Amino acid sequence: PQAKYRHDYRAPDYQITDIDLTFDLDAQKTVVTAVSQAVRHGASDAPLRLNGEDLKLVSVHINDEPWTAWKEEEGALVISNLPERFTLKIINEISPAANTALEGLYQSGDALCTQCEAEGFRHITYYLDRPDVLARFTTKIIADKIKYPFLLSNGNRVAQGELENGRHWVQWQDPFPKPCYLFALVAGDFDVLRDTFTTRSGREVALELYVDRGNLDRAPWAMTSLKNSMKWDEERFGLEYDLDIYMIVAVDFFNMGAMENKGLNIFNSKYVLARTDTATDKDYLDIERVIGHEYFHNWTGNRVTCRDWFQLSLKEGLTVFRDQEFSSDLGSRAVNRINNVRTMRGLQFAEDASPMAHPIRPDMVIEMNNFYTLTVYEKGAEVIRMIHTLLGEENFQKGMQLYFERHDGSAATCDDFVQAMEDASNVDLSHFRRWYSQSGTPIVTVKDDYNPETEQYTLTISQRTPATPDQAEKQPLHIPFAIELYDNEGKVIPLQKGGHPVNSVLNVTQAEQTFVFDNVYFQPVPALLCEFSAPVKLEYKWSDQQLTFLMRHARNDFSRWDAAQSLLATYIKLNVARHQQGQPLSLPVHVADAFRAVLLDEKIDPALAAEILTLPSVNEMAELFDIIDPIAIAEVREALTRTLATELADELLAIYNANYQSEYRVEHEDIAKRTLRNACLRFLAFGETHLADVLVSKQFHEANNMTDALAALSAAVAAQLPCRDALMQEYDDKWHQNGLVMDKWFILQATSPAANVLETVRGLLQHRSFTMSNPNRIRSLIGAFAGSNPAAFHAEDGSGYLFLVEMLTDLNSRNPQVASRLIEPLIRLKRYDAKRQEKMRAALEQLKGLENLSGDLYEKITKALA
Ligand SMILES: CCCCC[C@H](CC(=O)NO)C(=O)N[C@H](C(=O)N1CCC[C@H]1CO)C(C)C
Ligand code: NA
Ligand SMILES: [Zn+2]
């Protein structure tokens with residue numbers, strides 16, 4: 001299993017311009033006939049080297065001549081002595097039924113469907129499976145009519161027929177040249193929700209959502225979100241859809257969230273199906289964002305694609321930026337930003353310090369499916385956001401316009417995109433490019449000085465990025481460092497120097513620099529790194545009062561939330577050290593009072609209050625520490641919850657009651673009120689036991705929507721309340737036939753604070769709603785245990801590790817992509833104490849020694865054991 005390197009990129013020796021596919025479909029044996037029009041660009045004597053994996057080759061012809069000058073090697077069909085232009089015809093067989101990895105053509109229940117990204121099409125036929133080869137596809141699909149009455153591929157229907165013996169066929173053509181990773185095929189029996197969207201220029205688009213028979217009741221929100229996405233891309237980016245039909249198919253068996261195949265997106269049904277009794281507000285907004293994301297790819301990914309897979313962030317950073325902007329414009333910008341920042345600081349920063357650390361544009365890759373990462377996606381988006389901060393919206397949209405004008409219809413690089421932005425805007429991004437090539441999280445240290453004699457305020461700012469396992473050398477970045485300065489009354493002080501305004505985005509470009517501001521009439525309280533203006537750790541010595549001041553006065557809701565996080569961080573760290581010495585929680589009264597004030601402030605947006613009243617996750621808390629003590633973190637989180645619930649009990653109950661809503665709606669104001677009310681409930685669950693039990697049980701039984709029901713259920717679990725077992729059993733009895741709804745319950749089981757959680761989780765491997773064959777079930781029971789219950793996962797006896805080894809031993813052979821996401825908690829070993837490291841290292845060594853170790857796991861294990 002050999003690494004590939006970004007610096008080895010070279011243009012292909014051959015292009016394929018047009019490919020005509022025929023599939024004779026059957027679950028046990030599918031026959032694929034692929035006719036490709038090829039053109040040699042390289043040297044006359046260069047062979048054509050086609051990728052192929054797990055294919056039974058039947059025949060190879062070149063301009064209808066059966067070919068002799070070829071050989072099959074590991075992963076390849078190498079064809080020699082070719083003309084400059086020719087027709088390649090390959091026939092091969094594949095077996096969808098055998099495909100447990102869900103890569104290429106496989107079964108999802110009784111349907112047949114595909115996943116081709118990154119390198120899945122080579123599991124369907126021998127091809128130039130690289131994204132700089134763009135070809136016009138036509139696809140003919142032949143199958144049993146009764147089993148597969150819908151035969152779908154990319155584009156428009158151009159032919160159809162019926163055959164003997166109950167078989168029929170449909171042929172598709174997609175006029176836009178595409179890399180094969182955007183190829184899709186679906187065959188099966190579906191219900192279909194049909195609607196239309198008319199673009200601003202008048203193009204009428206047929207919209208078609210394919211779902212399992214009986215799920216039409218759960219389709220309209222996804223349809224609505226598709227229309228919303230299309231309207232927003234027109235309004236915000238000036239982009240219209242480019243075809244006549246937009247098909248989405250919801251499948252139950254899917255490794256990823258969803259996939260942007262041109263005109264034929266395939267979605268994990270988790271990101272399509274919603275009804276108010278099955279899906280929470282969070283599920284609705286996740287459906288919205290994922291529908292949006294895949295739609296947005298139509299331009300940022302499909303009309304301009306990636307030259308090579310090292311450029312993955314070109315499409316994923318930018319499309320995630322777009323989906324954040326969509327969510328943020330339609331809903332709560334603050335809540336979106338807060339949550340994306342929680343992901344960055346609490347999950348992405350952990351990756352960037354891990355053995356799998358990489359730059360957003362990686363340099364070295366063994367298995368490309370391991371690089372669909374928090375770094376490439378979330379940090380990628382923060383990098384795009386920095387360009388947006390640096391340029392402003394108008395210049396940023398100029399750069400988008402120049403990027404498409406230059407690269408529409410082509411496969412481009414990250415560097416191309418930066419250059420478009422630089423050239424359209426006239427902002428120099430030469431230094432900024434280092435964000436693409438350097439891994440690790442910068443640490444920005446800020447000191448300040450106020451000089452009352454000159455009425456000057458000086459910020460002394462320094463940066464450094466620690467070495468990471470992948471890179472021994474680090475250099476300063478171009479860090480956009482947004483500030484705001486507050487006077488004694490909470491009014492913003494104008495930034496100026498030497499009689500001229502100073503932009504509030506400071507260009508932090510050196511290891512150390514000073515910024516001086518004049519006409520500073522009063523010693524300021526600064527708001528620093530406003531709206532998380534760069535993806536960096538900030539070191540500033542905040543007083544508690546400065547932070548509670550920001551919580552009361554800061555102009556941007558994000559700053560209020562961020563000040564609350566810094567206030568809490570001090571006391572989370574305090575109490576973890578106390579826990580380790582056997583001492584109980586200590587919290588100053590004035591800290592509790594700051595959160596009391598948030599609860600009682602009628603002018604604060606309830607969306608914001610809810611977030612201030614949501615404590616950092618155990619993952620976010622881990623980032624605060626040089627060495628992670630997951631048991632101390634978990635216990636402190638609970639103790640803090642309990643302490644706040646006791647101190648704020650009256651106020652909590654008052655606000656809980658005030659935000660009661662008898663109507664359920666999926667509307668942002670309503671969602672914000674529910675989030676507040678349920679943030680209150682979480683604390684109240686940890687108050688006096690009898691009142692808690694009654695309140696929680698009543699909300700579960702009386703809820704008219706899954707948001708409120710699950711919030712109660714989840715609090716019964718979190719607080720180990722008396723009603724917990726009865727409510728958990730009620731939910732199983734009602735919902736066990738519905739895997740998506742049971743995922744929520746598997747997550748609660750996996751994240752339970754109960755002493756016997758591992759025993760329960762193992763027992764649920766045999767539950768009626770669980771199956772090892774379904775990625776969502778795996779992720780919900782097993783992934784949630786390992787990733788979201790680190791206290792149990794990291795049980796001192798090593799039992800969590802042993803359990804993960806067993807599961808991984810199965811998944812390594814069944815579904816390497818799912819296995820590789822699941823191993824991630826084990827690769828963080830060097831963050832833990834020595835005895836945990838020894839046990840985790842022993843587990844990794846066991847997996848290293850597996851017969852038939854997948855490349856997916858091999859890459860991660862080798863980095864971890866280094
Ligand atoms: C809003 C965009 C996110 C959904 C889609 C992406 C895939 C993609 O980029 N499609 O264009 C995805 O699956 N992402 C992964 C993900 O969200 N997954 C993977 C398994 C299911 C789902 C939730 O964990 C992460 C972990 C990279
Ligand atoms: Na065929
Ligand atoms: Zn994407």
# chains A, B, ... in the order shown; residues from 1 in each chain; ligands from 1
call {"tool": "residues_near_ligand", "arguments": {"ligand": "ligand 1", "cutoff": "7 Å", "atoms": "only C-alpha atoms and all ligand atoms", "output": "list in words"}}
result
residues 255, 256, 257, 258, 259, 260, 289, 290, 293, 294, 297, 316, 320, 323, 372, 373, 374 and 377 of chain A
call {"tool": "residues_around", "arguments": {"residues": "segment 681-683 of chain A", "least_positions_apart": "4", "cutoff": "7 Å", "atoms": "only C-alpha atoms", "output": "list in words"}}
result
residues 641, 642, 645, 656, 677, 687 and 715 of chain A
call {"tool": "write_last_selection", "arguments": {"atoms": "N, CA, C and O atoms", "output": "mmCIF file, in the first residue's frame"}}
result
data_model
loop_
_atom_site.group_PDB
_atom_site.id
_atom_site.type_symbol
_atom_site.label_atom_id
_atom_site.label_comp_id
_atom_site.auth_asym_id
_atom_site.auth_seq_id
_atom_site.Cartn_x
_atom_site.Cartn_y
_atom_site.Cartn_z
ATOM 1 N N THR A 641 -22.939 21.062 35.485
ATOM 2 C CA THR A 641 -24.341 21.087 35.157
ATOM 3 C C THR A 641 -25.197 21.146 36.454
ATOM 4 O O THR A 641 -26.115 21.949 36.572
ATOM 5 N N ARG A 642 -24.898 20.250 37.377
ATOM 6 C CA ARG A 642 -25.583 20.171 38.650
ATOM 7 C C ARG A 642 -25.457 21.410 39.456
ATOM 8 O O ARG A 642 -26.429 21.841 40.103
ATOM 9 N N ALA A 645 -27.622 24.028 37.827
ATOM 10 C CA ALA A 645 -29.009 23.705 37.990
ATOM 11 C C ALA A 645 -29.470 24.112 39.426
ATOM 12 O O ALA A 645 -30.536 24.632 39.607
ATOM 13 N N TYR A 656 -37.986 27.906 31.194
ATOM 14 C CA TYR A 656 -38.562 26.706 30.659
ATOM 15 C C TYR A 656 -40.065 26.917 30.393
ATOM 16 O O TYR A 656 -40.567 26.688 29.243
ATOM 17 N N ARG A 677 -35.742 26.509 25.727
ATOM 18 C CA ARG A 677 -36.505 25.770 26.633
ATOM 19 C C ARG A 677 -35.831 24.409 26.902
ATOM 20 O O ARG A 677 -35.683 24.002 28.061
ATOM 21 N N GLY A 687 -31.525 18.680 38.680
ATOM 22 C CA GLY A 687 -31.887 19.291 39.921
ATOM 23 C C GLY A 687 -32.485 18.268 40.825
ATOM 24 O O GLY A 687 -32.216 17.056 40.704
ATOM 25 N N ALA A 715 -32.350 13.773 28.432
ATOM 26 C CA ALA A 715 -32.105 14.230 29.792
ATOM 27 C C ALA A 715 -32.331 13.097 30.812
ATOM 28 O O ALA A 715 -31.561 12.991 31.761
#
call {"tool": "residues_around", "arguments": {"residues": "segment 268-278 of chain A", "least_positions_apart": "6", "cutoff": "7 Å", "atoms": "only C-alpha atoms", "output": "MDAnalysis selection string"}}
result
chainID A and resid 218:219 221:222 250:254 256:258 284 286:287 290 705:706 740:741
call {"tool": "closest_residue", "arguments": {"among": "A:569, A:400, A:124, A:538", "to": "ligand 2", "atoms": "only C-alpha atoms and all ligand atoms"}}
result
A:124
call {"tool": "closest_residue", "arguments": {"among": "A:53, A:65, A:708, A:162", "to": "residue 676 of chain A", "atoms": "only C-alpha atoms"}}
result
A:708
call {"tool": "select_by_dssp", "arguments": {"residues": "segment 33-248 of chain A", "states": "helix (DSSP H, G or I)", "output": "ChimeraX atom specification"}}
result
/A:96-98,121-123,180-182,216-218,220-237
call {"tool": "write_last_selection", "arguments": {"atoms": "N, CA and C atoms", "output": "tab-separated table (two decimals), in the first residue's frame"}}
result
chain	number	residue	atom	x	y	z
A	96	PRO	N	-22.84	-7.07	-7.78
A	96	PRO	CA	-23.30	-6.13	-6.76
A	96	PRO	C	-23.64	-6.71	-5.42
A	97	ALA	N	-24.19	-7.91	-5.43
A	97	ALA	CA	-24.56	-8.65	-4.21
A	97	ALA	C	-23.43	-8.90	-3.29
A	98	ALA	N	-22.25	-9.13	-3.82
A	98	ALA	CA	-21.06	-9.35	-3.01
A	98	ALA	C	-20.46	-8.09	-2.44
A	121	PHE	N	-15.48	4.25	-9.52
A	121	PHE	CA	-15.93	3.84	-10.89
A	121	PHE	C	-15.04	2.72	-11.40
A	122	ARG	N	-13.79	2.67	-10.96
A	122	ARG	CA	-12.86	1.58	-11.35
A	122	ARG	C	-13.34	0.23	-10.79
A	123	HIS	N	-14.28	0.24	-9.83
A	123	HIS	CA	-14.93	-1.02	-9.41
A	123	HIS	C	-16.12	-1.42	-10.29
A	180	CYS	N	-15.34	10.57	-13.87
A	180	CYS	CA	-16.20	9.46	-13.57
A	180	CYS	C	-16.68	9.39	-12.14
A	181	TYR	N	-16.06	10.17	-11.23
A	181	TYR	CA	-16.54	10.14	-9.85
A	181	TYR	C	-17.94	10.68	-9.72
A	182	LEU	N	-18.41	11.39	-10.74
A	182	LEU	CA	-19.75	11.97	-10.77
A	182	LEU	C	-20.78	11.15	-11.51
A	216	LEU	N	-43.35	8.63	1.12
A	216	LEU	CA	-43.69	9.90	0.59
A	216	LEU	C	-44.10	10.93	1.61
A	217	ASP	N	-44.68	10.48	2.69
A	217	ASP	CA	-45.04	11.40	3.84
A	217	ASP	C	-43.81	12.14	4.47
A	218	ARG	N	-42.61	11.63	4.19
A	218	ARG	CA	-41.40	12.17	4.76
A	218	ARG	C	-40.52	12.90	3.73
A	220	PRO	N	-41.66	15.97	1.63
A	220	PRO	CA	-41.79	17.35	1.22
A	220	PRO	C	-40.78	18.34	1.78
A	221	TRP	N	-40.28	18.15	3.01
A	221	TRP	CA	-39.29	19.11	3.50
A	221	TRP	C	-37.99	19.12	2.64
A	222	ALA	N	-37.53	17.96	2.22
A	222	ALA	CA	-36.33	17.88	1.37
A	222	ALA	C	-36.59	18.56	0.02
A	223	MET	N	-37.80	18.37	-0.52
A	223	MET	CA	-38.17	19.04	-1.78
A	223	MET	C	-38.16	20.56	-1.62
A	224	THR	N	-38.79	21.02	-0.53
A	224	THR	CA	-38.80	22.44	-0.17
A	224	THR	C	-37.37	23.00	-0.02
A	225	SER	N	-36.49	22.24	0.63
A	225	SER	CA	-35.13	22.68	0.83
A	225	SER	C	-34.35	22.73	-0.49
A	226	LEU	N	-34.72	21.84	-1.43
A	226	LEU	CA	-34.05	21.86	-2.74
A	226	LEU	C	-34.43	23.17	-3.45
A	227	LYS	N	-35.72	23.50	-3.45
A	227	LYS	CA	-36.13	24.76	-4.05
A	227	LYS	C	-35.50	25.97	-3.37
A	228	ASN	N	-35.43	25.94	-2.02
A	228	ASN	CA	-34.78	26.99	-1.28
A	228	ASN	C	-33.32	27.14	-1.68
A	229	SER	N	-32.62	26.03	-1.84
A	229	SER	CA	-31.22	26.03	-2.26
A	229	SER	C	-31.05	26.64	-3.65
A	230	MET	N	-31.94	26.27	-4.53
A	230	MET	CA	-31.84	26.80	-5.89
A	230	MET	C	-32.10	28.28	-5.96
A	231	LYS	N	-33.11	28.76	-5.27
A	231	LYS	CA	-33.36	30.20	-5.17
A	231	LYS	C	-32.22	30.95	-4.53
A	232	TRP	N	-31.67	30.40	-3.43
A	232	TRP	CA	-30.57	31.09	-2.78
A	232	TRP	C	-29.32	31.16	-3.61
A	233	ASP	N	-28.97	30.09	-4.33
A	233	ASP	CA	-27.79	30.18	-5.13
A	233	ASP	C	-27.95	31.25	-6.22
A	234	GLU	N	-29.15	31.41	-6.75
A	234	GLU	CA	-29.45	32.51	-7.71
A	234	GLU	C	-29.26	33.88	-7.04
A	235	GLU	N	-29.86	34.07	-5.90
A	235	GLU	CA	-29.86	35.36	-5.24
A	235	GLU	C	-28.47	35.76	-4.73
A	236	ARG	N	-27.81	34.84	-4.05
A	236	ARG	CA	-26.49	35.13	-3.47
A	236	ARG	C	-25.29	35.02	-4.41
A	237	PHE	N	-25.22	33.99	-5.24
A	237	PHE	CA	-24.07	33.80	-6.11
A	237	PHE	C	-24.38	33.99	-7.62
call {"tool": "residues_near_ligand", "arguments": {"ligand": "ligand 2", "cutoff": "8 Å", "atoms": "only C-alpha atoms and all ligand atoms", "output": "JSON, numbers by chain"}}
result
{"A": [21, 22, 23, 24, 30, 31, 32, 33, 34, 91, 92]}
call {"tool": "residues_around", "arguments": {"residues": "residue 142 of chain A", "least_positions_apart": "6", "cutoff": "7 Å", "atoms": "only C-alpha atoms", "output": "VMD selection string"}}
result
chain A and resid 23 to 25 167 to 170
call {"tool": "atom_distance", "arguments": {"atom1": "atom CA of residue 795 of chain A", "atom2": "atom CA of residue 820 of chain A"}}
result
21.7 Å
call {"tool": "residues_around", "arguments": {"residues": "residue 203 of chain A", "least_positions_apart": "3", "cutoff": "9 Å", "atoms": "only C-alpha atoms", "output": "number ranges by chain"}}
result
A: 197-200, 240-244
call {"tool": "closest_residue", "arguments": {"among": "A:481, A:67, A:801, A:86", "to": "residue 829 of chain A", "atoms": "only C-alpha atoms"}}
result
A:801
call {"tool": "atom_distance", "arguments": {"atom1": "atom CA of residue 770 of chain A", "atom2": "atom CA of residue 101 of chain A"}}
result
17.7 Å
call {"tool": "atom_distance", "arguments": {"atom1": "atom CA of residue 504 of chain A", "atom2": "atom CA of residue 460 of chain A"}}
result
15.2 Å
call {"tool": "residues_around", "arguments": {"residues": "residue 415 of chain A", "least_positions_apart": "3", "cutoff": "8 Å", "atoms": "only C-alpha atoms", "output": "CSV table (one decimal) with C-alpha atoms, in the first residue's frame"}}
result
chain,number,residue,atom,x,y,z
A,418,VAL,CA,-6.8,31.6,-5.1
A,419,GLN,CA,-5.5,33.2,-8.2
A,433,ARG,CA,-1.5,30.6,0.1
call {"tool": "residues_around", "arguments": {"residues": "residue 356 of chain A", "least_positions_apart": "5", "cutoff": "7 Å", "atoms": "only C-alpha atoms", "output": "PyMOL selection string"}}
result
chain A and resi 351+860+863
call {"tool": "write_last_selection", "arguments": {"atoms": "C-alpha atoms", "output": "CSV table (one decimal), in the first residue's frame"}}
result
chain,number,residue,atom,x,y,z
A,351,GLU,CA,-7.2,16.3,14.1
A,860,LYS,CA,-4.0,5.5,10.0
A,863,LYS,CA,0.8,7.0,11.5
call {"tool": "select_by_dssp", "arguments": {"residues": "segment 507-602 of chain A", "states": "strand (DSSP E)", "output": "PyMOL selection string"}}
result
chain A and resi 507-508+512-517+525-528+537-539
call {"tool": "write_last_selection", "arguments": {"atoms": "N, CA, C and O atoms", "output": "PDB file, in the first residue's frame"}}
result
ATOM      1  N   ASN A 507      -4.008  42.756   9.791  1.00  0.00           N
ATOM      2  CA  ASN A 507      -3.234  41.784   9.038  1.00  0.00           C
ATOM      3  C   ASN A 507      -2.063  41.310   9.837  1.00  0.00           C
ATOM      4  O   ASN A 507      -0.984  41.916   9.832  1.00  0.00           O
ATOM      5  N   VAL A 508      -2.261  40.198  10.529  1.00  0.00           N
ATOM      6  CA  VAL A 508      -1.271  39.587  11.325  1.00  0.00           C
ATOM      7  C   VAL A 508      -0.437  38.635  10.461  1.00  0.00           C
ATOM      8  O   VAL A 508      -0.845  37.471  10.231  1.00  0.00           O
ATOM      9  N   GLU A 512       5.811  38.400  15.062  1.00  0.00           N
ATOM     10  CA  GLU A 512       5.464  39.358  16.115  1.00  0.00           C
ATOM     11  C   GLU A 512       5.279  40.729  15.509  1.00  0.00           C
ATOM     12  O   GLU A 512       6.037  41.127  14.651  1.00  0.00           O
ATOM     13  N   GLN A 513       4.270  41.472  15.938  1.00  0.00           N
ATOM     14  CA  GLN A 513       4.052  42.828  15.409  1.00  0.00           C
ATOM     15  C   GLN A 513       3.208  43.588  16.411  1.00  0.00           C
ATOM     16  O   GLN A 513       2.558  42.990  17.268  1.00  0.00           O
ATOM     17  N   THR A 514       3.224  44.901  16.281  1.00  0.00           N
ATOM     18  CA  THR A 514       2.479  45.785  17.146  1.00  0.00           C
ATOM     19  C   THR A 514       1.473  46.610  16.347  1.00  0.00           C
ATOM     20  O   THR A 514       1.764  47.064  15.218  1.00  0.00           O
ATOM     21  N   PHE A 515       0.288  46.807  16.876  1.00  0.00           N
ATOM     22  CA  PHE A 515      -0.677  47.685  16.277  1.00  0.00           C
ATOM     23  C   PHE A 515      -1.046  48.783  17.249  1.00  0.00           C
ATOM     24  O   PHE A 515      -1.331  48.493  18.391  1.00  0.00           O
ATOM     25  N   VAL A 516      -0.933  50.035  16.820  1.00  0.00           N
ATOM     26  CA  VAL A 516      -1.217  51.192  17.684  1.00  0.00           C
ATOM     27  C   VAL A 516      -2.443  51.930  17.194  1.00  0.00           C
ATOM     28  O   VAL A 516      -2.636  52.179  15.989  1.00  0.00           O
ATOM     29  N   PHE A 517      -3.347  52.233  18.131  1.00  0.00           N
ATOM     30  CA  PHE A 517      -4.552  52.907  17.865  1.00  0.00           C
ATOM     31  C   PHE A 517      -4.563  54.224  18.681  1.00  0.00           C
ATOM     32  O   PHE A 517      -4.180  54.201  19.882  1.00  0.00           O
ATOM     33  N   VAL A 525     -12.120  47.629  26.646  1.00  0.00           N
ATOM     34  CA  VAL A 525     -12.311  46.175  26.741  1.00  0.00           C
ATOM     35  C   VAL A 525     -12.325  45.652  25.300  1.00  0.00           C
ATOM     36  O   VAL A 525     -13.184  46.050  24.524  1.00  0.00           O
ATOM     37  N   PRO A 526     -11.348  44.816  24.921  1.00  0.00           N
ATOM     38  CA  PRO A 526     -11.315  44.397  23.484  1.00  0.00           C
ATOM     39  C   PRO A 526     -12.167  43.183  23.243  1.00  0.00           C
ATOM     40  O   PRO A 526     -12.210  42.305  24.108  1.00  0.00           O
ATOM     41  N   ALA A 527     -12.744  43.074  22.052  1.00  0.00           N
ATOM     42  CA  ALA A 527     -13.267  41.838  21.551  1.00  0.00           C
ATOM     43  C   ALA A 527     -12.256  41.442  20.491  1.00  0.00           C
ATOM     44  O   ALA A 527     -11.872  42.272  19.635  1.00  0.00           O
ATOM     45  N   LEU A 528     -11.730  40.231  20.624  1.00  0.00           N
ATOM     46  CA  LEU A 528     -10.607  39.748  19.831  1.00  0.00           C
ATOM     47  C   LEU A 528     -11.028  38.536  18.961  1.00  0.00           C
ATOM     48  O   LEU A 528     -11.795  37.678  19.392  1.00  0.00           O
ATOM     49  N   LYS A 537      -5.910  29.278  17.791  1.00  0.00           N
ATOM     50  CA  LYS A 537      -6.030  29.395  19.224  1.00  0.00           C
ATOM     51  C   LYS A 537      -5.668  30.782  19.648  1.00  0.00           C
ATOM     52  O   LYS A 537      -4.661  31.311  19.217  1.00  0.00           O
ATOM     53  N   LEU A 538      -6.405  31.367  20.562  1.00  0.00           N
ATOM     54  CA  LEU A 538      -6.072  32.738  21.017  1.00  0.00           C
ATOM     55  C   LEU A 538      -5.637  32.681  22.441  1.00  0.00           C
ATOM     56  O   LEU A 538      -6.321  32.046  23.254  1.00  0.00           O
ATOM     57  N   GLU A 539      -4.487  33.276  22.730  1.00  0.00           N
ATOM     58  CA  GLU A 539      -3.983  33.408  24.106  1.00  0.00           C
ATOM     59  C   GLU A 539      -4.022  34.871  24.509  1.00  0.00           C
ATOM     60  O   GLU A 539      -3.191  35.664  24.084  1.00  0.00           O
TER      61      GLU A 539
END
call {"tool": "closest_residue", "arguments": {"among": "A:758, A:376, A:151, A:748", "to": "ligand 3", "atoms": "only C-alpha atoms and all ligand atoms"}}
result
A:376
call {"tool": "closest_residue", "arguments": {"among": "A:305, A:559, A:425, A:438", "to": "ligand 3", "atoms": "only C-alpha atoms and all ligand atoms"}}
result
A:305
call {"tool": "closest_residue", "arguments": {"among": "A:188, A:104, A:1, A:763", "to": "residue 367 of chain A", "atoms": "only C-alpha atoms"}}
result
A:1
